[PDB]
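[1] with the input below, show me the fold.
(16 chains)
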Amino acid sequence: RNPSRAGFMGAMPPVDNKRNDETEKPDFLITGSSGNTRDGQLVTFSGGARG
Amino acid sequence: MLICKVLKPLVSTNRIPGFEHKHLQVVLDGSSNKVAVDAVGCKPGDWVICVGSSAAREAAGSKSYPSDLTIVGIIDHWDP
Amino acid sequence: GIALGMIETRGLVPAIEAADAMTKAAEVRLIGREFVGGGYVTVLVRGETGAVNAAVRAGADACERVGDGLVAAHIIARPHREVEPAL
Amino acid sequence: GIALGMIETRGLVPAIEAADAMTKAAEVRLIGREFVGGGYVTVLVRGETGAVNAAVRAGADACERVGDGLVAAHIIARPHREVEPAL
Amino acid sequence: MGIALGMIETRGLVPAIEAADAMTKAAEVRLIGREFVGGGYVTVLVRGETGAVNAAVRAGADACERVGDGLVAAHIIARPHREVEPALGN
Amino acid sequence: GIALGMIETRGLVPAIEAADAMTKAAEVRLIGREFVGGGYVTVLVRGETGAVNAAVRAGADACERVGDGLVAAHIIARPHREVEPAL
Amino acid sequence: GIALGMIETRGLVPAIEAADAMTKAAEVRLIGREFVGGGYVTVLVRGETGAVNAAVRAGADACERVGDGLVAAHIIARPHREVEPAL
Amino acid sequence: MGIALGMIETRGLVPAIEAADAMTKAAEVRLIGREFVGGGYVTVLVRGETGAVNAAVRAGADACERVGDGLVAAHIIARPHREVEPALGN
Amino acid sequence: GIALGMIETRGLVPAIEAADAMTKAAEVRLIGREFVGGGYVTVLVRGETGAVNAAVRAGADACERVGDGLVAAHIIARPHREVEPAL
Amino acid sequence: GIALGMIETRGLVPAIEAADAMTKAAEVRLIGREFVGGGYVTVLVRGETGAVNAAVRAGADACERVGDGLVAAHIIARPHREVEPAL
Amino acid sequence: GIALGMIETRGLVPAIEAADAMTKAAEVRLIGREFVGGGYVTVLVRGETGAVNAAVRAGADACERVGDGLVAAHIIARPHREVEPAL
Amino acid sequence: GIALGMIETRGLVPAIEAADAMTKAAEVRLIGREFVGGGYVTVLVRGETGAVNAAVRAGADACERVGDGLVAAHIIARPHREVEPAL
Amino acid sequence: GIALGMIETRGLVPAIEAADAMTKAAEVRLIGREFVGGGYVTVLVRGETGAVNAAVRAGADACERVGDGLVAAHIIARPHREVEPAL
Amino acid sequence: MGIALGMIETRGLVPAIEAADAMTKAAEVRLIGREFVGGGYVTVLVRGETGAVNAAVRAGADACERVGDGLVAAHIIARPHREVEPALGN
Amino acid sequence: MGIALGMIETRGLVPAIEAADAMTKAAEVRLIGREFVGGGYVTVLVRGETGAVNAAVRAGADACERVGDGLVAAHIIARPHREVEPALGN
Amino acid sequence: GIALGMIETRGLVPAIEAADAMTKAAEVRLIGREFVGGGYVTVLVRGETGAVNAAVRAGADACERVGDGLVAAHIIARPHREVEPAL
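    Numbering: from 1, shown residues only, chains lettered A, B, ... in the order given. Shown next is the protein structure:
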């Protein structure tokens, strides 16, 4: 029909998954992070260093 | 299973396995108060149904799960 | 309820599920749902520290397995005076 | 009654296919259609819990193939009254 | 009034309106909506009878794949229900 | 005129460069500056068939290397009146 | 619309394919259908020179592979008055 | 009346009338023209609903090619233009 | 409309669900619900050509995955004047 | 009880077992038992969506292990107006 | 103080927690809470040079571990007189 | 002059630090910041053609690493008045 | 209320960093700072249980890196009244 | 009054006061405290603005590592809160 | 006034004024001196806040060395002494 | 236009040569001259950005080997207010 054009050469834009970094371990629960286990910031030695 | 009218929500505290305890809710079985983990819906609460025993463990999600009573369903037409 | 939490995810199947859990968990107030753009959705919640903590943890672990799930979730215990501009 | 069924998908062709399933398979009210952005199109309906369940299963197994298909899908039975003003 | 709702979405308005023109030229149908979903998802919404909708969407698929990043979804509805009608802008 | 020429590109800078080449390449009036979302920007010019054809070809092959690049370049000559909602 | 766009082929199949390609691809006027004899079929359009050019390109690229195909596709830049009464 | 156009052209009218029989046997299509192109080419126009015309043309292209010299040229037109109608007997 | 749509299957869940899709997709009147015997069950609906077309599309696409499956999907745009005395 | 379910099997040991479970599960009405022919037997049940769902699932899983068992079982949430001809 | 501190990130938990660190570390006035779209969210604070310095230190060091992480951390000791009309 | 210089970046913080480089390098005044969508951010500066060129050079050479980086930064010394509606 | 948060660390640089986290992240009273000897520096705060939990998590993930970092950290919710005179 | 609290601790008072002199010479800031934590941990506490505190602590780290057993912790606080102020001897 | 001292010395004043431009473009620093050492050495004094001066000197040391013969000598002074002020124009 | 061009060279011969080139090849204003010391001589001109660019091009061109040759030519496009006491 109406002559379109191709151009581009690279198709879809390179969208990055904002989720990345990781590297270290999330800061001892209580601030974010799902799943997991450990303790409700119990008096247990874990407490802060619950990990 | 225990017929049970939701009463109120709870608040967190200093226990570790709360990662799976999932917002305990105070419910009433018609006699006195009780609390059970909300699996699907509590609201103010018209009439829901509550499951305990060891079934509660696999009713809540894990064999090792620490519970004695879990709400399991909602009765749409309820009961006087 | 000065204590503030917020649940952010991709798509609002987990967002409304987490917000339902938020309101489901305690006497917390949902103050705002925001469409980030690009698929992220955020739901704000206000209350006291313990109630907000219980709500946020319940909703986060409930929504981690629905659809595409949570992205991140943490809590602010003593939010700054700029919260009113922030909302 | 307040039973909240809802569907997320990529591109609204499956969104409205699921809406057609909503309105034809079950007798529920379609309360919302939201463009999240980033391709997420969302349909929101309210009705009877069993009726909403039939609606959502029909919507899933109808629109899961069309185009990019559905992305996330789950049912809400008794949403909190606090959630309603946000919707 | 052809209640049958055909509609298709694609990457950007070039393929979208090329498909729209293909539908309105190959078939005598009335398009009712152009929607920006977001993130490149742009959709054309047309009403017509089942055969006319079928021909229109076939033409749109034929003329839309070879332009831009191309078509994505190409399914239709033959008998849309009343309740979907408000979602079409009532 | 009734001829519609129109182009997308990824990024607003190539879009305005292409529209600039539109408006000096041939006698043409531009009618649309649409933000598709996600980076697609569409330019809509209105004029007679020869002017729009030459202008679009010039703008496209001048904008191919500009910025991120073009998207599509085909043009319709005698649009149906039914494209009025595109206005 | 003095520009005279013109198509010949073998049989009405490519002929009317060219004709509706004319009137659907571009906003130009079809003035005539004629049967030469021996299978050659004639379609005559009028319009702006650029519009006529686009239309004839559309038809010549759309109708050649259907039926026995195109035979004579050619247009007139500046048609004379004298031929019009003989049309 | 359904504007959807089916037309079939053949060498000799035996396959043309076979196509017309497929038309009038398949779907709600009314033959609006039986014309002799010239030099032996015979072609038939039917009009009707889009799906009806599509099914009819399918039947013709299934039962026309192997009859004598057979089918030479068929197609479908989905949404024919208003200006084409003068060329269709006006 | 005199178009007839027909489905054979092994069982009634396939038959009844196929008929539900039959009538939900478009306006078609179910006329025949016939138990052949030996497990064969058939549904016959009446409607116009496009309606029967799309409706039997939906019916097959809803019924395929029940029991041993749909046995035969078949439609006629218009049966002869002499078929219906033995409908 | 507009919501409709139905249990179909080979032989009516599982059919009457499933129908017993149907009536056993909720305030559902068994509207008809039909001999398909060739050994298939169908039992219809009417009610609301939740009650019908519970009944059908209970009966299906109960009857899958008796004799030769179920063949298929699904539910219709919003049956069409043709249900009265269908019964 | 005319120093501007800026953070981009993917999501709002990173943004809001980074802003909380922004304002807790030193005296800085949050001025901008802008949703770019496509997942990008940015925070802009105003304060003196050392205050913005240390505050953006704390903000990055609090935000790094949320979502896919902070995208860009950047500050200017004093933007030009001509930037703020488009703040 | 009348020149309009343009800068494009992946995100707005690089874009506006580039705009700072614009307005701080040469005697050029920026007329706009625009969020394209999906993260694309453009800034439009206005001034003398040599000043615009030098400013764009400075900003591009400054902002390769800032944020995720640049996309497009080209200039027209004489954008049309017809581009002004797009400005 | 009486909720006892407390931190031990090696060198008081992390001790006062955790104290800063105490006083900025949550609204609690700092009841004591003790030099045990042997490098152990201890901070003692009282407040609301959830607020104290937020405070202690902030103090941990803030001061665990500085210098020798924290050594031991745990929360006390409802300390015995007999303990209070000793503190 | 520069509220920014810089402070660093080390092994014994030689490196401690050498860092103190480095801070008070390289920068014009006021040290407010010298504390004996115990077991060799001795700490210097200085107030100033954020830039001055930064320069002072950088100088202290530079001049303290090469004396005695050396510096251990070298972090600062830009905006100390009111409640920490009693812990500074109010 | 911020006593934090930045000073940059170069061969020839083209790099000196490039450094001064980096000064007056980076941060809240006011050039308090432009002096010719002798034999071609040109150096510039600016004063301001510690972080501001540090950032400015950073910008100068980023944009000064490759200009003509380029930078010869730069530094920062954090907390300059009172007795130095007479040497700084008094 | 206050763009500041300036050049430095050994001996004031090429300095005044290229200053004449400044005022002889572009419409710039000579704000002054300076004798650095030890044979180093600089000249300071002001004008339009492109004009000053062309001027310094010509000046460095005419200064290149005459006498002891050029040391450093330079152009700043937007000098700051604080620089005026230094010029």
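[2] only C-alpha atoms for contact and neighbour calcs from this point on.
    Fine.
[3] can you tell me the SS state at residue C:31?
    Following DSSP: H, G, I helix; E, B strand; the rest coil, the label given to residue C:31 is strand.
[4] count of residues packed around residue C:1?
    Using other CA atoms under 10 Å in any protein chain shown as the criterion, residue C:1 is surrounded by 13 other residues.
[5] and it, what is it in contact with?
    With contact taken as CA atoms under 8 Å, 6 or more residues apart in numbering or on different chains, residue C:1 is in contact with C:28, C:46, C:47, C:48.
[6] apply 6 Å and report the result again.
    Counting by CA atoms under 6 Å, 6 or more residues apart in numbering or on different chains, residue C:1 makes contact with C:46, C:47, C:48.
[7] which of the residues you listed has the most neighbours?
    The most crowded member of the contacts of residue C:1 is residue C:46, carrying 22 neighbours; neighbours defined as other CA under 10 Å.
[8] all strands of chain B, in order?
    With DSSP state E as the definition, chain B shows strands at residue ranges B:2-9, B:24-28, B:33-37, B:48-52, B:69-74.
[9] can you put these in CSV and add mean neighbour count and distance to chain G?
    Listed next are the strands of chain B as CSV, based on neighbours: other CA atoms under 10 Å in any protein chain shown; distance: least, CA to the nearest CA, whole Å:
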stretch, mean neighbour count, distance to chain G
strand B:2-9, 21, 66
strand B:24-28, 23, 66
strand B:33-37, 21, 65
strand B:48-52, 21, 64
strand B:69-74, 22, 60
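[10] run the chain-centre distance for the single longest helix found in chain B.
    In chain B, taking DSSP state H as the definition, the longest helix is helix B:55-60. Average the C-alpha atoms of helix B:55-60, do the same for its chain, and the two points are 11 Å apart (CA atoms, centre = their mean, to the nearest Å).
[11] and that helix, C-alpha only, in PDB?
    Listed next in PDB are the C-alpha coordinates belonging to helix B:55-60 (Å, rounded to 0.1, in the frame of the first residue of the first chain):
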ATOM      1  CA  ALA B  55      -3.300 -29.800  59.200                       C
ATOM      2  CA  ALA B  56      -2.800 -26.200  60.000                       C
ATOM      3  CA  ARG B  57       0.900 -26.700  59.200                       C
ATOM      4  CA  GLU B  58       0.300 -27.800  55.600                       C
ATOM      5  CA  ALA B  59      -2.800 -25.600  55.600                       C
ATOM      6  CA  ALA B  60      -0.500 -22.600  56.200                       C
END
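[12] keep only those of the contacts of residue C:1 that are in helices.
    Counting by DSSP H, none of the members of the contacts of residue C:1 fall within helices.
[13] what does chain A put close to chain M?
    By the rule CA under 6 Å from any CA of the partner chain, the part of chain A lying against chain M is A:27, A:43, A:47, A:48.
[14] tell me which two of these sit farthest apart.
    With distances taken as CA to CA, the most widely separated pair in the residues of chain A next to chain M is A:27 and A:43, at 17.9 Å.
[15] ok, the two, which is more surrounded?
    Neighbours of residue A:27 and residue A:43, each counted by other CA under 10 Å, are more numerous for residue A:27; the result is 21 against 17.
[16] which ones are touching that one?
    By CA under 6 Å, 6+ apart, the contact list for residue A:27 reads residue M:61.
[17] apply 8 Å and report the result again.
    Shown in contact with residue A:27 (CA under 8 Å, 6+ apart): A:51, K:65, M:61.
[18] could you look up the SS state of it?
    Counting by three-state DSSP, the backbone at residue A:27 sits in coil.
[19] center of chain B, which residue is that?
    To find the centre residue of chain B, average its C-alpha atoms and take the closest one (CA atoms, centre = their mean): that gives residue B:36, at 2.6 Å.
[20] what about that one, distance to chain M?
    Per CA to the nearest CA, to the nearest Å, residue B:36 is found 22 Å from chain M.
[21] measure that residue to chain C for me?
    Taken as CA to the nearest CA, the spacing of residue B:36 relative to chain C amounts to 12 Å.
[22] residue B:27 is in contact with that residue, correct?
    Yes: using CA atoms under 8 Å, residue B:36 is in contact with residue B:27, at 7.0 Å.
[23] what comes into contact with stretch A:13-26?
    Contact partners of stretch A:13-26, identified using CA under 8 Å, 6+ apart, comprise A:33, C:71, F:10, K:9, K:10, K:39, K:64, K:65, K:67, K:68, K:69.
[24] the fourth one against residue K:37, yeah?
    This means residue K:9. No: assessed by CA under 8 Å, residue K:9 is found out of contact with residue K:37, at 11.1 Å.
[25] helix, strand or coil: sort out the residue in chain A positioned nearest to chain D for me.
    Using CA to the nearest CA, the point where chain A gets nearest to chain D is residue A:15, with a distance of 10.8 Å. For residue A:15, the reduced secondary structure class is coil; criterion used: three-state DSSP.
[26] export the contacts of residue A:27 as a markdown table, with columns for neighbour count and distance to residue F:22.
    Conversion of the contacts of residue A:27 to a markdown table gives the following (neighbours: other CA atoms under 10 Å in any protein chain shown; distance: CA to CA, whole Å):
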| residue | neighbour count | distance to residue F:22 |
| --- | --- | --- |
| A:51 | 14 | 61 |
| K:65 | 21 | 47 |
| M:61 | 21 | 57 |
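[27] and which of these is nearest residue D:85?
    residue K:65 (33.3 Å).
[28] quick one: contacts for that closest one?
    By CA under 8 Å, 6+ apart, the contact set of residue K:65 is A:21, A:22, A:26, A:27.
[29] same check, this time on residue C:20
    With contacts taken as CA under 8 Å, 6+ apart, residue C:20 has the following neighbours: C:59, D:79, D:80, D:83.
[30] which stretch of helix or strand covers it?
    Residue C:20 belongs to helix C:12-25 when assigned by DSSP states H and E.
[31] backbone dihedrals for the residue most central in space within chain A, please?
    Nearest to the mean C-alpha position of chain A, by CA atoms, centre = their mean, lies residue A:19 at 3.6 Å. Recorded main-chain torsions at residue A:19 are phi -70, psi 120, according to degrees, to the nearest 10.
[32] ok, residue B:14 next?
    For residue B:14, the backbone dihedrals are phi -90, psi 40 (criterion: degrees, to the nearest 10).
[33] that one and chain J, how far apart?
    40 Å.
[34] same question for residue A:11.
    Using CA to the nearest CA, one gets 44 Å for the distance from residue A:11 to chain J.
[35] who's in contact with the residue in chain C positioned nearest to chain I?
    Chain C approaches chain I most closely through residue C:67 (24.6 Å), counting by CA to the nearest CA. Listed by CA under 8 Å, 6+ apart, the contact set of residue C:67 reads C:13, C:14, D:71, D:72, D:73.
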